[PDB]
Each structure stands twice: as C-alpha cells, then as structure tokens.
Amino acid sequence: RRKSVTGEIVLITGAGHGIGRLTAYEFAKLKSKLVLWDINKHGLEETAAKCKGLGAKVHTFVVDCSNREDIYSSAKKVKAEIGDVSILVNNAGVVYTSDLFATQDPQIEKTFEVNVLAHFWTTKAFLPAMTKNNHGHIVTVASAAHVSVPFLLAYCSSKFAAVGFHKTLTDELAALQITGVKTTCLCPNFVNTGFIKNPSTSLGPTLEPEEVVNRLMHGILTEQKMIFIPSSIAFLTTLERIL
C-alpha cells in the first residue's frame, strides 16, 4: 500500500507552523531526511527540534517564499550541502496583515507570489534532478486552515490556480514519459463545488489540522494524485461581516 520514504530528502516550505509543521513531524516519524523552510526563524527552530526528537536528520533555512531569488539561493545551498530533493512539499502560504483599503493590493499580489508563483520556483529548482533520476514527488498543498473579506477572492482564486498548476504539471510529466516523478495535490472541495452550492463551505463540518495531515500523508504515501478535503474558509460568515 504505502511506499517507504526512509532516507529520502523531503523539503517542506512553510514548515514553521500549521500543516507544514505537522507534515514535517509525520515525515520525521518515517525517517526521511528533512529540509525545512519557513520565513519565521522561531517557528522553524521549534519544528526542527521536535523532528530531531522524532528521530530525523533535519536541516533548516529561513526563506521568504514571496522572494524568487531567496528560493533559488536557498535551493543552491540545499543541493550543495544536503543533496537532491526527492519529495517537494509546496505548502507555504501568505499571511495577511491589515484589511485596510490602502494596503490590500500588495497583499493580493503576495497571495499569488506565495500560494502560486513559489511553486514554479521550487519546481524549477528541484524537478530537473528528479527528472534526471526519474525519481521524485511534487506535492501541491492548496488547502490551508480564516481570511478577511478583502482577501477572500485572492485567496480562493490562488487555490484554483495551485490546483491548475498540479493538474497541468501532472499531464506534462505524463506527456514527457517522466514516469518516476509523482504528483499529489491537497485540494479544497470548493474547487469542485464552488461555495453557494456547497453549504459545508460556510457551515462545516471541517477537519482538525491533524486530520488534514493524516489524509495528506496517506495520499502521498499511496501516490494519489488528488486529495479533496473540506475547507474552513467560512464563506458566508466571512462575507456577512460587511454585508
């Protein structure tokens, strides 16, 4: 059923908090070699210490995944110091600050920089060696756990985009007969249902972070292409806060 990932170099972005953190713990338990990236040094170090306790070799890099040059310079260090990434988990997400009208547009831009464009940059960095070895796994994490109304459109759109990235990349790999590089996407149901047609997008039930990761890991280890989960976007209540 489930593949071994022992000794595989697994790189997880956004590993200092949330799903990314919990995902790192699961790979640690499986004795992968971990490369953890996060913008927040403190969260990153906490994740890494626990992963070591779980029995894994772990390396950390503070990386701002809104910054393409930071991603590439850090990827260069990974390749030189650690080796070739075999499982890439694109998990980093934008974190919103102010709601205020005047400062929204840069954060709408950042939403796409982190949630979508970062996946291009990491794939460009790490897919060539995977292709060369015909061995790899690219994991598009397009679910994250509440977003204020001004960012709802950007946030949701960016998830459709990430799912599109996965679907297109999957078929490109197939077209090119790159049979050893697998893809897995963690996808919110709203990408299939929309919001109004699916009351769960407003009412739940939703999943605990532990449940999301259990489902993600099961999908990765059985090499499922798609893993649908209910989001916790709280659509109607998010929108009623203006009405």
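The first residue of the shown sequence is 1; numbering continues from there.
Missing deposited residues between residue 145 and residue 146: 1 to 3, all without coordinates in the entry. Averaged over Cα atoms, the B-factor as recorded in the entry is higher for 93-101 than for the other of 114-122 and 93-101. Sort the modelled residues of the chain by CA B factor and residue 192 lands in the highest third. Among the modelled residues of its chain, residue 172 has a C-alpha B-factor that falls in the lowest third, as given in the PDB entry. Sorting the modelled residues of the chain by their CA temperature factor places residue 166 in the lowest third.
Residue-level temperature factors show residue 49 in the middle third of its chain, judged at the C-alpha atom.
Sorting the modelled residues of the chain by their CA temperature factor places residue 34 in the lowest third.
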